[PDB]
Amino acid sequence: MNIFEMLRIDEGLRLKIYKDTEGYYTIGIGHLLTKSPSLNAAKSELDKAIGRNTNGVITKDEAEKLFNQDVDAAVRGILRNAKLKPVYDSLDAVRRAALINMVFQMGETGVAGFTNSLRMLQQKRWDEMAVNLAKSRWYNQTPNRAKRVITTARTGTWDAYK
Ligand SMILES: [Cl-]
Ligand SMILES: [Cl-]
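Residue numbering for the sequence shown follows my numbering, starting at 120 and increasing by one per position.
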């Protein structure tokens with residue numbers, strides 16, 4: 120198990136524009152297109168993203184390309200962020216993957232905002248951190264995905280994904 124396999128499970132794979140769980144236009148493997156209620160605006164973003172006139176449909180290869188770019192952006196976002204970086208550095212390879220998963224899903228600014236859990240994280244207060252992350256919109260909105268990431272963070276094992 121690695122960060123790629125982890126997110127592939129969490130996000131799934133769709134070759135056609137779709138709406139995330141919050142109503143947003145998405146494609147491939149969890150790649151947000153726009154937060155705009157316009158399908159045309161989504162087909163626009165997609166073509167700009169892909170380099171061509173997709174008529175809203177991409178190939179597996181094209182989805183993997185976006186995915187590669189998105190994991191890379193998540194990792195660089197973490198390392199460049201003053202709040203995220205030290206948490207990251209302080210952790211083990213498994214727990215690190217869980218942070219990257221949260222950043223990919225919620226953006227660097229969003230995760231950076233979890234002040235209290237980042238501190239519990241850094242201090243290794245595992246159980247308490249799991250209880251706190253559960254108290255969130257994120258968990259309430261996507262509970263099954265949240266439980267797996269939170270468990271990964273909590274235990275440092277890939278159990279939830281096996
Ligand atoms: Cl992009
Ligand atoms: Cl879910």
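Every residue gets a Cβ at the ideal spot worked out from N, C-alpha and C, and that includes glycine.
- For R133, the enclosing beta strand (DSSP E) stretches over residues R133 to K138.
- Distance from the Cα of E130 is smallest, within the candidate group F223, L203 and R214, for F223.
- About 13 Å separates the beta carbon of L152 from that of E141, a gap too long to meet the 8 Å contact definition.
- The Cβ atoms of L132 and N220 lie no closer than 8 Å to each other.
- In the three-state reduction of the DSSP assignment, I146 falls in the strand class.
- Sorting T274, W257 and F233 by C-alpha distance to the C-alpha of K202 places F233 at the top.
- Shown here, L152 sits in a strand according to DSSP, grouped into three states.
- One Cα belongs to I136, the other to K162, and the distance between them is close to 8 Å.
- The Cβ atoms of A217 and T276 do not sit closer than 8 Å to each other.
- Distance from the C-beta of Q224 to the nearest heavy atom of ligand 1 is not below 7 Å.
- The C-alpha of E181 is placed about 22 Å away from the C-alpha of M225.
- Excluding its 5 nearest sequence neighbours in each direction, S155 has no C-beta neighbour in its own chain below 6 Å.
- In this structure, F186 lies away from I146, with their beta-carbon atoms at least 8 Å apart.
- The beta-bridge partner set that DSSP reports for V176 consists of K135.
- For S163, the enclosing alpha helix (DSSP H) stretches over residues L158 to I169.
- In this structure, the beta-carbon distance from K204 to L134 does not fall below 8 Å.
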